[PDB]
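Participant: Here's a structure for you.
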Amino acid sequence: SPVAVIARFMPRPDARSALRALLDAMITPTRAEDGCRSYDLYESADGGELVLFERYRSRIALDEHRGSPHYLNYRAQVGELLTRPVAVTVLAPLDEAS
Amino acid sequence: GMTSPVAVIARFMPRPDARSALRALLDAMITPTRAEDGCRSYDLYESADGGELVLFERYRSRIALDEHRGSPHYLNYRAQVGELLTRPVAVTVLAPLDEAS
């Protein structure tokens, strides 16, 4: 049933701070979603991308996240900060210990 | 720094005929890698579109990742993986900014 997402963000150099702020504001409300198992934020070693790794209980839970007030606000603003669109990969677990 | 936790995303794009072989190769990594003192997690997924297999790995330190990369299981895997794929493994090393316990 459960699902995960990798989302990769390549900010414009002048928009890195704004991107970090936008993603920072997602963490609390997203982790508070009934169907969110985890939601973690990283920077690539080469510093070129911020990466979110997200895990949800079901496809329904992921749909709900994508309709949430916090998500909608983020989605309204994120595109304008990036060199290219968010690279999103939805995942289905094959062997996830938890 | 070197004592700080790290994560790794590794993406694999098998040839269609090699998919079950790749799954078996990656499966064999799971028990010994999770057993590493320094491995926090090591989880296998497939992409929603079925084209990729993806490992998400978390290590207690960069040192632990280096230990992983020197291990007998890793070296066996490294010797064989490329031959199953349409392109080399796509590997990203990650530094946590906000990773919950």
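Note on naming: chains are A, B, ... as they come in the structure tokens, residues start from 1 per chain, ligands start from 1 in the order shown.
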Write out as JSON, numbers by chain every residue belonging to chain A that has an atom at most 10 Å from any atom of chain B, counting only C-alpha atoms.

Facilitator: {"A": [3, 4, 5, 6, 20, 24, 27, 31, 38, 39, 40, 41, 42, 43, 44, 45, 46, 47, 49, 50, 51, 52, 53, 89, 90, 91, 92, 93, 94, 95, 96, 97, 98]}

Participant: For the selection just defined, write its residues with N, CA and C atoms to a file, as a compact mmCIF listing (two decimals), in the first residue's frame.

Facilitator:
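File again20.txt, as written:
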# COMPACT_ATOMS: atom_id res chain seq x y z
N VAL A 3 3.80 4.42 -0.18
CA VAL A 3 4.44 5.10 -1.30
C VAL A 3 5.53 6.04 -0.78
N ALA A 4 6.54 6.28 -1.61
CA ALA A 4 7.56 7.26 -1.29
C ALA A 4 7.75 8.20 -2.48
N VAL A 5 8.38 9.34 -2.22
CA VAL A 5 8.68 10.32 -3.26
C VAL A 5 10.08 10.86 -3.04
N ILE A 6 10.85 10.95 -4.12
CA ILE A 6 12.07 11.75 -4.15
C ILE A 6 11.74 12.99 -4.98
N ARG A 20 15.27 27.40 0.02
CA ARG A 20 15.45 26.78 1.33
C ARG A 20 14.30 27.16 2.26
N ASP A 24 11.66 24.68 3.86
CA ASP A 24 11.65 24.67 5.33
C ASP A 24 10.22 24.74 5.87
N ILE A 27 7.97 21.44 6.12
CA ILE A 27 8.35 20.30 6.95
C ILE A 27 7.34 20.02 8.08
N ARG A 31 4.78 16.78 8.06
CA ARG A 31 5.03 15.70 9.02
C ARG A 31 3.81 15.46 9.90
N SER A 38 7.13 9.92 6.79
CA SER A 38 8.34 10.73 6.98
C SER A 38 8.51 11.75 5.85
N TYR A 39 9.34 12.77 6.10
CA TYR A 39 9.54 13.89 5.18
C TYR A 39 10.85 14.57 5.54
N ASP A 40 11.90 14.25 4.80
CA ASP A 40 13.24 14.67 5.18
C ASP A 40 13.92 15.48 4.09
N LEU A 41 14.69 16.49 4.49
CA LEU A 41 15.31 17.43 3.55
C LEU A 41 16.83 17.32 3.55
N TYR A 42 17.42 17.27 2.35
CA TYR A 42 18.87 17.11 2.18
C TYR A 42 19.45 18.08 1.15
N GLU A 43 20.77 18.25 1.20
CA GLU A 43 21.51 18.94 0.15
C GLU A 43 22.47 17.95 -0.52
N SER A 44 22.53 17.94 -1.85
CA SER A 44 23.51 17.09 -2.53
C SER A 44 24.93 17.51 -2.17
N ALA A 45 25.85 16.55 -2.20
CA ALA A 45 27.26 16.79 -1.91
C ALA A 45 27.89 17.87 -2.79
N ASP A 46 27.43 17.97 -4.04
CA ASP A 46 27.98 18.98 -4.96
C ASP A 46 27.26 20.32 -4.79
N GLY A 47 26.30 20.36 -3.87
CA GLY A 47 25.59 21.59 -3.50
C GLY A 47 24.62 22.14 -4.52
N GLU A 49 21.76 20.71 -5.66
CA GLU A 49 20.36 20.39 -5.49
C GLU A 49 19.96 20.19 -4.04
N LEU A 50 18.75 20.63 -3.72
CA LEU A 50 18.12 20.21 -2.48
C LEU A 50 17.24 19.02 -2.83
N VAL A 51 17.15 18.06 -1.93
CA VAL A 51 16.39 16.84 -2.16
C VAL A 51 15.46 16.59 -0.98
N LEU A 52 14.19 16.30 -1.28
CA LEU A 52 13.24 15.83 -0.26
C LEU A 52 12.99 14.35 -0.49
N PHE A 53 13.05 13.59 0.59
CA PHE A 53 12.60 12.22 0.57
C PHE A 53 11.37 12.11 1.47
N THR A 89 10.18 11.75 -8.44
CA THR A 89 10.04 10.33 -8.69
C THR A 89 9.22 9.73 -7.58
N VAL A 90 8.08 9.14 -7.95
CA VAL A 90 7.23 8.41 -7.03
C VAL A 90 7.73 6.97 -7.00
N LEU A 91 7.78 6.40 -5.80
CA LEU A 91 8.37 5.08 -5.58
C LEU A 91 7.39 4.12 -4.94
N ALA A 92 7.53 2.85 -5.29
CA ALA A 92 6.80 1.79 -4.64
C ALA A 92 7.81 0.91 -3.91
N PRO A 93 7.62 0.67 -2.60
CA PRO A 93 8.60 -0.13 -1.88
C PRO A 93 8.66 -1.58 -2.35
N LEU A 94 9.88 -2.11 -2.45
CA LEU A 94 10.09 -3.52 -2.71
C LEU A 94 10.58 -4.21 -1.46
N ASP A 95 11.47 -3.53 -0.73
CA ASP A 95 12.03 -4.06 0.50
C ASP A 95 12.42 -2.86 1.37
N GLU A 96 11.47 -2.42 2.19
CA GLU A 96 11.69 -1.30 3.07
C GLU A 96 11.47 -1.82 4.49
N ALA A 97 12.54 -1.87 5.27
CA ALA A 97 12.51 -2.41 6.63
C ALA A 97 11.56 -1.63 7.55
N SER A 98 11.48 -0.32 7.34
CA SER A 98 10.40 0.51 7.92
C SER A 98 10.46 1.95 7.42

Participant: Pick out the residues sitting within 9 Å of residue 62 (chain B), and hand them over as a list in words; count only C-alpha atoms, and ignore anything fewer than 6 positions along from it in its own chain.

Facilitator: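 Contacts, with the query itself left out: residues 1, 2, 3, 4, 5, 6 and 7 of chain B.
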
Participant: I need the chosen residues saved as an mmCIF file, in the first residue's frame, with N, CA and C atoms.

Facilitator:
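Result went into part_8.cif, see below:
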data_model
loop_
_atom_site.group_PDB
_atom_site.id
_atom_site.type_symbol
_atom_site.label_atom_id
_atom_site.label_comp_id
_atom_site.auth_asym_id
_atom_site.auth_seq_id
_atom_site.Cartn_x
_atom_site.Cartn_y
_atom_site.Cartn_z
ATOM 1 N N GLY B 1 30.648 17.297 8.544
ATOM 2 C CA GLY B 1 32.002 16.659 8.639
ATOM 3 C C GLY B 1 31.958 15.150 8.464
ATOM 4 N N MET B 2 33.074 14.488 8.753
ATOM 5 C CA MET B 2 33.191 13.045 8.509
ATOM 6 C C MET B 2 32.390 12.201 9.494
ATOM 7 N N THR B 3 32.075 12.777 10.648
ATOM 8 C CA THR B 3 31.311 12.063 11.672
ATOM 9 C C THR B 3 29.813 12.292 11.506
ATOM 10 N N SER B 4 29.437 13.158 10.569
ATOM 11 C CA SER B 4 28.035 13.543 10.384
ATOM 12 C C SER B 4 27.288 12.499 9.568
ATOM 13 N N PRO B 5 26.010 12.239 9.914
ATOM 14 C CA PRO B 5 25.225 11.311 9.096
ATOM 15 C C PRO B 5 25.090 11.745 7.643
ATOM 16 N N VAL B 6 24.934 10.751 6.778
ATOM 17 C CA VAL B 6 24.785 10.989 5.356
ATOM 18 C C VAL B 6 23.732 10.048 4.825
ATOM 19 N N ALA B 7 23.191 10.391 3.660
ATOM 20 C CA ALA B 7 22.317 9.483 2.923
ATOM 21 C C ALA B 7 22.823 9.316 1.486
#

Participant: What's the separation between CA of residue 2 (chain A) and CA of residue 56 (chain A), in Å to one decimal place?

Facilitator: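 Computed distance, CA of residue 2 (chain A) to CA of residue 56 (chain A), equals 5.8 Å.
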
Participant: Which of chain B counts as helix (DSSP H, G or I) under DSSP, as a PyMOL selection string please?

Facilitator: chain B and resi 16-35+62-69+72-78+81-84

Participant: Quick one: residues within 12 Å of residue 15 (chain B), only C-alpha atoms, excluding same-chain residues fewer than 3 positions away - as a PyMOL selection string?

Facilitator: chain B and resi 12+18-23+50-53+81-88

Participant: Could you turn the residues from that selection into a file that holds C-alpha atoms, as a compact mmCIF listing (two decimals), in the first residue's frame?

Facilitator:
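again30.txt, written as the output of this step:
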# COMPACT_ATOMS: atom_id res chain seq x y z
CA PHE B 12 19.42 1.72 -11.47
CA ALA B 18 18.19 -7.97 -16.88
CA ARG B 19 15.58 -6.70 -14.43
CA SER B 20 15.18 -9.93 -12.40
CA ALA B 21 18.97 -10.31 -12.34
CA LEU B 22 19.39 -6.76 -11.03
CA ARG B 23 16.74 -7.34 -8.37
CA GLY B 50 8.75 0.77 -13.45
CA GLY B 51 11.84 1.97 -15.33
CA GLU B 52 14.15 2.27 -12.32
CA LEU B 53 15.05 0.48 -9.15
CA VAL B 81 26.09 -4.24 -11.66
CA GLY B 82 27.07 -2.23 -14.75
CA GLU B 83 26.64 -5.17 -17.09
CA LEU B 84 22.89 -5.30 -16.28
CA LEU B 85 22.12 -1.64 -16.96
CA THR B 86 21.35 0.71 -19.84
CA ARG B 87 23.55 3.33 -18.19
CA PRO B 88 25.78 3.54 -15.10
